[PDB]
file target.cif (mmCIF, N, CA and C atoms and all ligand atoms)
data_data
loop_
_atom_site.label_atom_id
_atom_site.label_comp_id
_atom_site.auth_asym_id
_atom_site.auth_seq_id
_atom_site.Cartn_x
_atom_site.Cartn_y
_atom_site.Cartn_z
N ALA A 1 0.85 -1.22 0.00
CA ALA A 1 0.00 0.00 0.00
C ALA A 1 0.88 1.25 0.00
N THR A 2 1.75 1.37 -0.95
CA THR A 2 2.64 2.54 -1.04
C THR A 2 3.14 2.64 -2.48
N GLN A 3 2.46 3.39 -3.29
CA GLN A 3 2.89 3.47 -4.72
C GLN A 3 3.28 4.89 -5.11
N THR A 4 4.01 5.02 -6.19
CA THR A 4 4.44 6.36 -6.67
C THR A 4 4.29 6.43 -8.19
N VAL A 5 3.53 7.37 -8.68
CA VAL A 5 3.34 7.47 -10.15
C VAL A 5 3.52 8.91 -10.61
N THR A 6 3.48 9.13 -11.89
CA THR A 6 3.62 10.50 -12.42
C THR A 6 2.26 10.95 -12.92
N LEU A 7 2.06 12.21 -13.13
CA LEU A 7 0.71 12.64 -13.59
C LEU A 7 0.80 13.64 -14.73
N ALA A 8 -0.12 13.55 -15.65
CA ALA A 8 -0.14 14.49 -16.80
C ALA A 8 -1.40 15.36 -16.71
N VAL A 9 -1.27 16.56 -16.22
CA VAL A 9 -2.48 17.43 -16.08
C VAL A 9 -2.44 18.63 -17.03
N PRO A 10 -2.78 18.40 -18.27
CA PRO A 10 -2.79 19.49 -19.28
C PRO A 10 -3.91 20.51 -18.99
N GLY A 11 -4.69 20.28 -17.97
CA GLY A 11 -5.80 21.23 -17.65
C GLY A 11 -5.28 22.67 -17.67
N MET A 12 -4.02 22.87 -17.41
CA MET A 12 -3.47 24.26 -17.41
C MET A 12 -2.00 24.24 -17.85
N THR A 13 -1.28 25.31 -17.63
CA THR A 13 0.15 25.35 -18.04
C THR A 13 0.80 26.69 -17.68
N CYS A 14 0.97 26.97 -16.41
CA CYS A 14 1.61 28.25 -16.01
C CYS A 14 1.99 28.18 -14.53
N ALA A 15 2.62 29.21 -14.02
CA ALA A 15 3.01 29.18 -12.58
C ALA A 15 1.80 29.50 -11.70
N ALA A 16 0.90 28.57 -11.54
CA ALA A 16 -0.30 28.84 -10.70
C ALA A 16 -1.24 27.63 -10.67
N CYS A 17 -1.59 27.09 -11.81
CA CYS A 17 -2.54 25.93 -11.83
C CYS A 17 -1.82 24.57 -11.74
N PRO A 18 -0.73 24.39 -12.45
CA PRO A 18 -0.04 23.08 -12.38
C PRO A 18 0.49 22.90 -10.97
N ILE A 19 1.02 23.95 -10.40
CA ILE A 19 1.51 23.85 -8.99
C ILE A 19 0.32 23.51 -8.08
N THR A 20 -0.87 23.88 -8.48
CA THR A 20 -2.06 23.56 -7.65
C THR A 20 -2.27 22.06 -7.66
N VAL A 21 -1.83 21.43 -8.72
CA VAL A 21 -1.96 19.96 -8.79
C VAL A 21 -1.10 19.37 -7.70
N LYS A 22 -0.01 20.03 -7.39
CA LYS A 22 0.87 19.54 -6.31
C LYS A 22 0.08 19.63 -5.01
N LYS A 23 -0.67 20.68 -4.87
CA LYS A 23 -1.49 20.83 -3.64
C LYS A 23 -2.60 19.78 -3.65
N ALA A 24 -2.96 19.33 -4.82
CA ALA A 24 -4.03 18.31 -4.94
C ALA A 24 -3.54 16.95 -4.43
N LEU A 25 -2.46 16.45 -4.97
CA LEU A 25 -1.94 15.13 -4.50
C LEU A 25 -1.57 15.23 -3.02
N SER A 26 -1.16 16.38 -2.58
CA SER A 26 -0.79 16.55 -1.15
C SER A 26 -2.07 16.54 -0.32
N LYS A 27 -3.17 16.90 -0.92
CA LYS A 27 -4.45 16.91 -0.19
C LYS A 27 -5.34 15.76 -0.68
N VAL A 28 -4.81 14.90 -1.51
CA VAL A 28 -5.64 13.77 -2.02
C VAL A 28 -6.10 12.85 -0.88
N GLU A 29 -5.21 12.44 0.00
CA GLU A 29 -5.61 11.55 1.13
C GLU A 29 -4.39 10.91 1.80
N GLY A 30 -3.92 9.81 1.26
CA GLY A 30 -2.76 9.11 1.88
C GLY A 30 -1.44 9.60 1.27
N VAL A 31 -1.48 10.58 0.41
CA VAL A 31 -0.21 11.08 -0.20
C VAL A 31 0.88 11.16 0.85
N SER A 32 2.02 10.60 0.55
CA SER A 32 3.14 10.64 1.52
C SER A 32 4.22 11.57 0.99
N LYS A 33 4.15 11.88 -0.27
CA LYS A 33 5.17 12.79 -0.87
C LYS A 33 4.64 13.35 -2.19
N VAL A 34 5.14 14.49 -2.60
CA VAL A 34 4.65 15.09 -3.88
C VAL A 34 5.76 15.93 -4.54
N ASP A 35 5.79 15.93 -5.84
CA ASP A 35 6.82 16.73 -6.57
C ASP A 35 6.37 16.91 -8.02
N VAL A 36 5.69 17.99 -8.31
CA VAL A 36 5.20 18.19 -9.70
C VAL A 36 5.99 19.29 -10.41
N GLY A 37 5.46 19.77 -11.49
CA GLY A 37 6.13 20.85 -12.26
C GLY A 37 5.06 21.82 -12.75
N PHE A 38 5.15 23.05 -12.33
CA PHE A 38 4.14 24.08 -12.74
C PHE A 38 3.87 24.06 -14.26
N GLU A 39 4.17 25.13 -14.95
CA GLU A 39 3.93 25.19 -16.42
C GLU A 39 4.16 23.83 -17.09
N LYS A 40 5.02 23.01 -16.54
CA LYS A 40 5.27 21.67 -17.16
C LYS A 40 4.21 20.65 -16.72
N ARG A 41 3.00 21.11 -16.46
CA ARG A 41 1.87 20.21 -16.03
C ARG A 41 2.31 18.77 -15.78
N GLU A 42 3.09 18.54 -14.77
CA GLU A 42 3.53 17.14 -14.51
C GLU A 42 3.66 16.88 -13.01
N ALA A 43 2.82 16.05 -12.45
CA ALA A 43 2.91 15.80 -10.98
C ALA A 43 3.40 14.38 -10.67
N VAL A 44 4.50 14.27 -9.98
CA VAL A 44 5.00 12.92 -9.60
C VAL A 44 4.77 12.77 -8.10
N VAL A 45 3.94 11.85 -7.69
CA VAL A 45 3.66 11.75 -6.24
C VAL A 45 3.74 10.32 -5.71
N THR A 46 4.03 10.22 -4.44
CA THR A 46 4.11 8.91 -3.76
C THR A 46 3.00 8.87 -2.72
N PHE A 47 2.58 7.72 -2.30
CA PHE A 47 1.50 7.69 -1.29
C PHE A 47 1.28 6.28 -0.78
N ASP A 48 0.32 6.13 0.08
CA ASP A 48 0.00 4.79 0.62
C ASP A 48 -1.31 4.33 -0.01
N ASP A 49 -1.25 3.34 -0.86
CA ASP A 49 -2.49 2.88 -1.54
C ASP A 49 -3.54 2.44 -0.50
N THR A 50 -3.15 2.29 0.73
CA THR A 50 -4.14 1.88 1.77
C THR A 50 -5.26 2.92 1.88
N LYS A 51 -4.95 4.16 1.65
CA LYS A 51 -6.00 5.22 1.75
C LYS A 51 -6.03 6.06 0.46
N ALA A 52 -5.14 5.79 -0.45
CA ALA A 52 -5.12 6.57 -1.73
C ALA A 52 -4.75 5.64 -2.89
N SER A 53 -4.45 6.20 -4.03
CA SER A 53 -4.09 5.35 -5.20
C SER A 53 -3.80 6.23 -6.41
N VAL A 54 -3.01 5.75 -7.33
CA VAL A 54 -2.71 6.55 -8.54
C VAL A 54 -3.99 7.20 -9.06
N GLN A 55 -5.09 6.52 -8.95
CA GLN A 55 -6.38 7.11 -9.42
C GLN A 55 -6.72 8.31 -8.54
N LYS A 56 -6.60 8.16 -7.25
CA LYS A 56 -6.91 9.29 -6.33
C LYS A 56 -5.94 10.45 -6.58
N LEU A 57 -4.76 10.18 -7.09
CA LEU A 57 -3.81 11.29 -7.36
C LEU A 57 -4.34 12.12 -8.53
N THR A 58 -4.59 11.48 -9.64
CA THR A 58 -5.13 12.20 -10.82
C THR A 58 -6.50 12.77 -10.46
N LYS A 59 -7.14 12.19 -9.48
CA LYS A 59 -8.48 12.69 -9.07
C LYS A 59 -8.30 13.91 -8.16
N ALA A 60 -7.20 13.99 -7.47
CA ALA A 60 -6.97 15.16 -6.58
C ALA A 60 -6.73 16.40 -7.44
N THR A 61 -5.95 16.27 -8.48
CA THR A 61 -5.73 17.44 -9.37
C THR A 61 -6.98 17.62 -10.21
N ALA A 62 -7.56 16.53 -10.61
CA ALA A 62 -8.82 16.62 -11.39
C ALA A 62 -9.85 17.31 -10.51
N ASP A 63 -9.66 17.21 -9.21
CA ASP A 63 -10.61 17.87 -8.28
C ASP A 63 -10.18 19.32 -8.07
N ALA A 64 -8.93 19.62 -8.28
CA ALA A 64 -8.47 21.02 -8.12
C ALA A 64 -8.96 21.83 -9.32
N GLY A 65 -9.35 21.15 -10.36
CA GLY A 65 -9.84 21.85 -11.57
C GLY A 65 -8.87 21.61 -12.71
N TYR A 66 -8.18 20.50 -12.68
CA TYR A 66 -7.21 20.21 -13.77
C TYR A 66 -7.31 18.73 -14.17
N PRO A 67 -8.26 18.43 -15.01
CA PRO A 67 -8.47 17.04 -15.47
C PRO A 67 -7.16 16.48 -16.02
N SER A 68 -6.45 15.75 -15.21
CA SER A 68 -5.14 15.18 -15.67
C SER A 68 -5.23 13.67 -15.88
N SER A 69 -4.11 13.02 -15.92
CA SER A 69 -4.08 11.55 -16.12
C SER A 69 -2.91 10.98 -15.33
N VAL A 70 -2.60 9.73 -15.52
CA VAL A 70 -1.47 9.15 -14.76
C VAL A 70 -0.61 8.25 -15.63
N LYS A 71 0.64 8.11 -15.29
CA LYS A 71 1.53 7.24 -16.11
C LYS A 71 2.74 6.77 -15.29
N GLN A 72 2.49 6.05 -14.24
CA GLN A 72 3.61 5.55 -13.39
C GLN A 72 4.80 5.12 -14.26
HG HG B 1 -1.97 29.01 -14.09
#

call {"tool": "encode", "arguments": {"input": "target.cif", "output": "structure tokens"}}
result
Amino acid sequence: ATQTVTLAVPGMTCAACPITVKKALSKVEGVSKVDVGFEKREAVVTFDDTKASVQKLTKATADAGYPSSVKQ
């Protein structure tokens, strides 16, 4: 119950929304670590699948308002 994947959130592309995706995986649930890229719409996060999951990661940014995807 501890996986780490990357995320593709083209929902935006500047110093403000992609970084929000970082706040999304950090607020997704079991996220244990996060490291994305602003304008480079790319979030790489680690977490505990016991309470979260690669799906919940793309869903956290998708919930921030940035319909993204995942590609561990
Ligand atoms: Hg932005």

call {"tool": "select_by_dssp", "arguments": {"input": "target.cif", "residues": "stretch 4-49 of chain A", "states": "alpha helix (DSSP H)", "output": "NGL selection string"}}
result
:A and (18-28)

call {"tool": "atom_distance", "arguments": {"input": "target.cif", "atom1": "atom C of residue A:9", "atom2": "atom N of residue A:50"}}
result
24.1 Å

call {"tool": "residues_near_ligand", "arguments": {"input": "target.cif", "ligand": "ligand HG 1 (chain B)", "cutoff": "6.5 Å", "atoms": "all atoms listed in the file", "output": "ChimeraX atom specification"}}
result
/A:12-18

call {"tool": "write_last_selection", "arguments": {"input": "target.cif", "atoms": "N, CA and C atoms", "output": "short mmCIF file (atom, residue, chain, number, x, y, z; two decimals), in the coordinates of the input"}}
result
data_model
loop_
_atom_site.label_atom_id
_atom_site.label_comp_id
_atom_site.auth_asym_id
_atom_site.auth_seq_id
_atom_site.Cartn_x
_atom_site.Cartn_y
_atom_site.Cartn_z
N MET A 12 -4.02 22.87 -17.41
CA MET A 12 -3.47 24.26 -17.41
C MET A 12 -2.00 24.24 -17.85
N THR A 13 -1.28 25.31 -17.63
CA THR A 13 0.15 25.35 -18.04
C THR A 13 0.80 26.69 -17.68
N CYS A 14 0.97 26.97 -16.41
CA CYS A 14 1.61 28.25 -16.01
C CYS A 14 1.99 28.18 -14.53
N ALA A 15 2.62 29.21 -14.02
CA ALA A 15 3.01 29.18 -12.58
C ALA A 15 1.80 29.50 -11.70
N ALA A 16 0.90 28.57 -11.54
CA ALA A 16 -0.30 28.84 -10.70
C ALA A 16 -1.24 27.63 -10.67
N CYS A 17 -1.59 27.09 -11.81
CA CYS A 17 -2.54 25.93 -11.83
C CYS A 17 -1.82 24.57 -11.74
N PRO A 18 -0.73 24.39 -12.45
CA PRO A 18 -0.04 23.08 -12.38
C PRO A 18 0.49 22.90 -10.97
#

call {"tool": "atom_distance", "arguments": {"input": "target.cif", "atom1": "atom CA of residue A:19", "atom2": "atom CA of residue A:1"}}
result
25.5 Å

call {"tool": "closest_residue", "arguments": {"input": "target.cif", "among": "A:52, A:64, A:34, A:43", "to": "residue A:5", "atoms": "all atoms listed in the file"}}
result
A:43

call {"tool": "atom_distance", "arguments": {"input": "target.cif", "atom1": "atom N of residue A:59", "atom2": "atom N of residue A:8"}}
result
9.4 Å

call {"tool": "closest_residue", "arguments": {"input": "target.cif", "among": "A:71, A:33, A:22, A:27", "to": "residue A:45", "atoms": "only N, CA and C atoms"}}
result
A:33

call {"tool": "closest_residue", "arguments": {"input": "target.cif", "among": "A:31, A:26, A:63, A:72", "to": "residue A:49", "atoms": "all atoms listed in the file"}}
result
A:31

call {"tool": "closest_residue", "arguments": {"input": "target.cif", "among": "A:62, A:2, A:48, A:21", "to": "residue A:36", "atoms": "only C-alpha atoms"}}
result
A:21

call {"tool": "closest_residue", "arguments": {"input": "target.cif", "among": "A:47, A:11, A:40, A:24", "to": "residue A:67", "atoms": "only C-alpha atoms"}}
result
A:11

call {"tool": "select_by_dssp", "arguments": {"input": "target.cif", "residues": "chain A", "states": "strand (DSSP E)", "output": "list in words"}}
result
residues 3, 4, 5, 6, 7, 8, 31, 32, 33, 34, 35, 36, 37, 42, 43, 44, 45, 46, 47, 69 and 70 of chain A

call {"tool": "write_last_selection", "arguments": {"input": "target.cif", "atoms": "N, CA and C atoms", "output": "JSON list (two decimals), keeping the file's coordinate frame"}}
result
[["chain", "number", "residue", "atom", "x", "y", "z"],
["A", 3, "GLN", "N", 2.46, 3.39, -3.29],
["A", 3, "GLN", "CA", 2.89, 3.47, -4.72],
["A", 3, "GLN", "C", 3.28, 4.89, -5.11],
["A", 4, "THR", "N", 4.01, 5.02, -6.19],
["A", 4, "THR", "CA", 4.44, 6.36, -6.67],
["A", 4, "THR", "C", 4.29, 6.43, -8.19],
["A", 5, "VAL", "N", 3.53, 7.37, -8.68],
["A", 5, "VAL", "CA", 3.34, 7.47, -10.15],
["A", 5, "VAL", "C", 3.52, 8.91, -10.61],
["A", 6, "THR", "N", 3.48, 9.13, -11.89],
["A", 6, "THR", "CA", 3.62, 10.50, -12.42],
["A", 6, "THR", "C", 2.26, 10.95, -12.92],
["A", 7, "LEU", "N", 2.06, 12.21, -13.13],
["A", 7, "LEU", "CA", 0.71, 12.64, -13.59],
["A", 7, "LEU", "C", 0.80, 13.64, -14.73],
["A", 8, "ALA", "N", -0.12, 13.55, -15.65],
["A", 8, "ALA", "CA", -0.14, 14.49, -16.80],
["A", 8, "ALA", "C", -1.40, 15.36, -16.71],
["A", 31, "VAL", "N", -1.48, 10.58, 0.41],
["A", 31, "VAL", "CA", -0.21, 11.08, -0.20],
["A", 31, "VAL", "C", 0.88, 11.16, 0.85],
["A", 32, "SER", "N", 2.02, 10.60, 0.55],
["A", 32, "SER", "CA", 3.14, 10.64, 1.52],
["A", 32, "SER", "C", 4.22, 11.57, 0.99],
["A", 33, "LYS", "N", 4.15, 11.88, -0.27],
["A", 33, "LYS", "CA", 5.17, 12.79, -0.87],
["A", 33, "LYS", "C", 4.64, 13.35, -2.19],
["A", 34, "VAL", "N", 5.14, 14.49, -2.60],
["A", 34, "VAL", "CA", 4.65, 15.09, -3.88],
["A", 34, "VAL", "C", 5.76, 15.93, -4.54],
["A", 35, "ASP", "N", 5.79, 15.93, -5.84],
["A", 35, "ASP", "CA", 6.82, 16.73, -6.57],
["A", 35, "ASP", "C", 6.37, 16.91, -8.02],
["A", 36, "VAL", "N", 5.69, 17.99, -8.31],
["A", 36, "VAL", "CA", 5.20, 18.19, -9.70],
["A", 36, "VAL", "C", 5.99, 19.29, -10.41],
["A", 37, "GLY", "N", 5.46, 19.77, -11.49],
["A", 37, "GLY", "CA", 6.13, 20.85, -12.26],
["A", 37, "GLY", "C", 5.06, 21.82, -12.75],
["A", 42, "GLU", "N", 3.09, 18.54, -14.77],
["A", 42, "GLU", "CA", 3.53, 17.14, -14.51],
["A", 42, "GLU", "C", 3.66, 16.88, -13.01],
["A", 43, "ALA", "N", 2.82, 16.05, -12.45],
["A", 43, "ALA", "CA", 2.91, 15.80, -10.98],
["A", 43, "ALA", "C", 3.40, 14.38, -10.67],
["A", 44, "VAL", "N", 4.50, 14.27, -9.98],
["A", 44, "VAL", "CA", 5.00, 12.92, -9.60],
["A", 44, "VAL", "C", 4.77, 12.77, -8.10],
["A", 45, "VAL", "N", 3.94, 11.85, -7.69],
["A", 45, "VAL", "CA", 3.66, 11.75, -6.24],
["A", 45, "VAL", "C", 3.74, 10.32, -5.71],
["A", 46, "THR", "N", 4.03, 10.22, -4.44],
["A", 46, "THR", "CA", 4.11, 8.91, -3.76],
["A", 46, "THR", "C", 3.00, 8.87, -2.72],
["A", 47, "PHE", "N", 2.58, 7.72, -2.30],
["A", 47, "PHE", "CA", 1.50, 7.69, -1.29],
["A", 47, "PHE", "C", 1.28, 6.28, -0.78],
["A", 69, "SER", "N", -4.11, 13.02, -15.92],
["A", 69, "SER", "CA", -4.08, 11.55, -16.12],
["A", 69, "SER", "C", -2.91, 10.98, -15.33],
["A", 70, "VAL", "N", -2.60, 9.73, -15.52],
["A", 70, "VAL", "CA", -1.47, 9.15, -14.76],
["A", 70, "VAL", "C", -0.61, 8.25, -15.63]]

call {"tool": "closest_residue", "arguments": {"input": "target.cif", "among": "A:66, A:30, A:37, A:20", "to": "residue A:53", "atoms": "all atoms listed in the file"}}
result
A:30

call {"tool": "decode", "arguments": {"input": "target.cif", "residues": "stretch 23-44 of chain A", "atoms": "N, CA and C atoms", "output": "PDB file, in the first residue's frame"}}
result
ATOM      1  N   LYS A  23      -0.672  20.677  -4.866  1.00  0.00           N
ATOM      2  CA  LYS A  23      -1.490  20.826  -3.643  1.00  0.00           C
ATOM      3  C   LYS A  23      -2.601  19.776  -3.651  1.00  0.00           C
ATOM      4  N   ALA A  24      -2.964  19.328  -4.816  1.00  0.00           N
ATOM      5  CA  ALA A  24      -4.033  18.306  -4.937  1.00  0.00           C
ATOM      6  C   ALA A  24      -3.539  16.950  -4.425  1.00  0.00           C
ATOM      7  N   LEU A  25      -2.459  16.452  -4.968  1.00  0.00           N
ATOM      8  CA  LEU A  25      -1.935  15.134  -4.499  1.00  0.00           C
ATOM      9  C   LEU A  25      -1.565  15.228  -3.023  1.00  0.00           C
ATOM     10  N   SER A  26      -1.159  16.384  -2.585  1.00  0.00           N
ATOM     11  CA  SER A  26      -0.795  16.546  -1.153  1.00  0.00           C
ATOM     12  C   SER A  26      -2.071  16.535  -0.322  1.00  0.00           C
ATOM     13  N   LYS A  27      -3.167  16.903  -0.923  1.00  0.00           N
ATOM     14  CA  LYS A  27      -4.451  16.915  -0.185  1.00  0.00           C
ATOM     15  C   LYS A  27      -5.340  15.760  -0.675  1.00  0.00           C
ATOM     16  N   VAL A  28      -4.815  14.901  -1.507  1.00  0.00           N
ATOM     17  CA  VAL A  28      -5.638  13.768  -2.021  1.00  0.00           C
ATOM     18  C   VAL A  28      -6.099  12.854  -0.876  1.00  0.00           C
ATOM     19  N   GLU A  29      -5.206  12.442  -0.003  1.00  0.00           N
ATOM     20  CA  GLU A  29      -5.613  11.551   1.128  1.00  0.00           C
ATOM     21  C   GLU A  29      -4.392  10.911   1.797  1.00  0.00           C
ATOM     22  N   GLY A  30      -3.922   9.815   1.262  1.00  0.00           N
ATOM     23  CA  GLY A  30      -2.756   9.115   1.879  1.00  0.00           C
ATOM     24  C   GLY A  30      -1.438   9.599   1.272  1.00  0.00           C
ATOM     25  N   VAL A  31      -1.480  10.577   0.409  1.00  0.00           N
ATOM     26  CA  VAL A  31      -0.214  11.083  -0.202  1.00  0.00           C
ATOM     27  C   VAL A  31       0.884  11.159   0.850  1.00  0.00           C
ATOM     28  N   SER A  32       2.017  10.601   0.554  1.00  0.00           N
ATOM     29  CA  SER A  32       3.142  10.637   1.521  1.00  0.00           C
ATOM     30  C   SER A  32       4.221  11.569   0.989  1.00  0.00           C
ATOM     31  N   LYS A  33       4.155  11.878  -0.272  1.00  0.00           N
ATOM     32  CA  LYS A  33       5.169  12.791  -0.865  1.00  0.00           C
ATOM     33  C   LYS A  33       4.645  13.353  -2.192  1.00  0.00           C
ATOM     34  N   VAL A  34       5.140  14.486  -2.605  1.00  0.00           N
ATOM     35  CA  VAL A  34       4.655  15.090  -3.879  1.00  0.00           C
ATOM     36  C   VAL A  34       5.755  15.926  -4.541  1.00  0.00           C
ATOM     37  N   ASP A  35       5.790  15.933  -5.845  1.00  0.00           N
ATOM     38  CA  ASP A  35       6.820  16.730  -6.571  1.00  0.00           C
ATOM     39  C   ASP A  35       6.368  16.912  -8.017  1.00  0.00           C
ATOM     40  N   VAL A  36       5.694  17.987  -8.309  1.00  0.00           N
ATOM     41  CA  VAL A  36       5.203  18.188  -9.699  1.00  0.00           C
ATOM     42  C   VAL A  36       5.988  19.289 -10.408  1.00  0.00           C
ATOM     43  N   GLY A  37       5.455  19.770 -11.491  1.00  0.00           N
ATOM     44  CA  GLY A  37       6.129  20.847 -12.256  1.00  0.00           C
ATOM     45  C   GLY A  37       5.061  21.816 -12.752  1.00  0.00           C
ATOM     46  N   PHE A  38       5.146  23.053 -12.333  1.00  0.00           N
ATOM     47  CA  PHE A  38       4.141  24.079 -12.739  1.00  0.00           C
ATOM     48  C   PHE A  38       3.872  24.056 -14.258  1.00  0.00           C
ATOM     49  N   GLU A  39       4.175  25.127 -14.948  1.00  0.00           N
ATOM     50  CA  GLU A  39       3.926  25.189 -16.424  1.00  0.00           C
ATOM     51  C   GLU A  39       4.160  23.826 -17.093  1.00  0.00           C
ATOM     52  N   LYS A  40       5.017  23.006 -16.541  1.00  0.00           N
ATOM     53  CA  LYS A  40       5.275  21.666 -17.157  1.00  0.00           C
ATOM     54  C   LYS A  40       4.210  20.647 -16.719  1.00  0.00           C
ATOM     55  N   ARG A  41       3.003  21.108 -16.460  1.00  0.00           N
ATOM     56  CA  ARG A  41       1.872  20.214 -16.027  1.00  0.00           C
ATOM     57  C   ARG A  41       2.314  18.772 -15.781  1.00  0.00           C
ATOM     58  N   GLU A  42       3.089  18.540 -14.771  1.00  0.00           N
ATOM     59  CA  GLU A  42       3.527  17.135 -14.510  1.00  0.00           C
ATOM     60  C   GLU A  42       3.658  16.884 -13.007  1.00  0.00           C
ATOM     61  N   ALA A  43       2.818  16.051 -12.447  1.00  0.00           N
ATOM     62  CA  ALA A  43       2.911  15.802 -10.982  1.00  0.00           C
ATOM     63  C   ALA A  43       3.404  14.384 -10.672  1.00  0.00           C
ATOM     64  N   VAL A  44       4.500  14.268  -9.976  1.00  0.00           N
ATOM     65  CA  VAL A  44       4.997  12.917  -9.598  1.00  0.00           C
ATOM     66  C   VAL A  44       4.770  12.767  -8.098  1.00  0.00           C
TER      67      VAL A  44
END
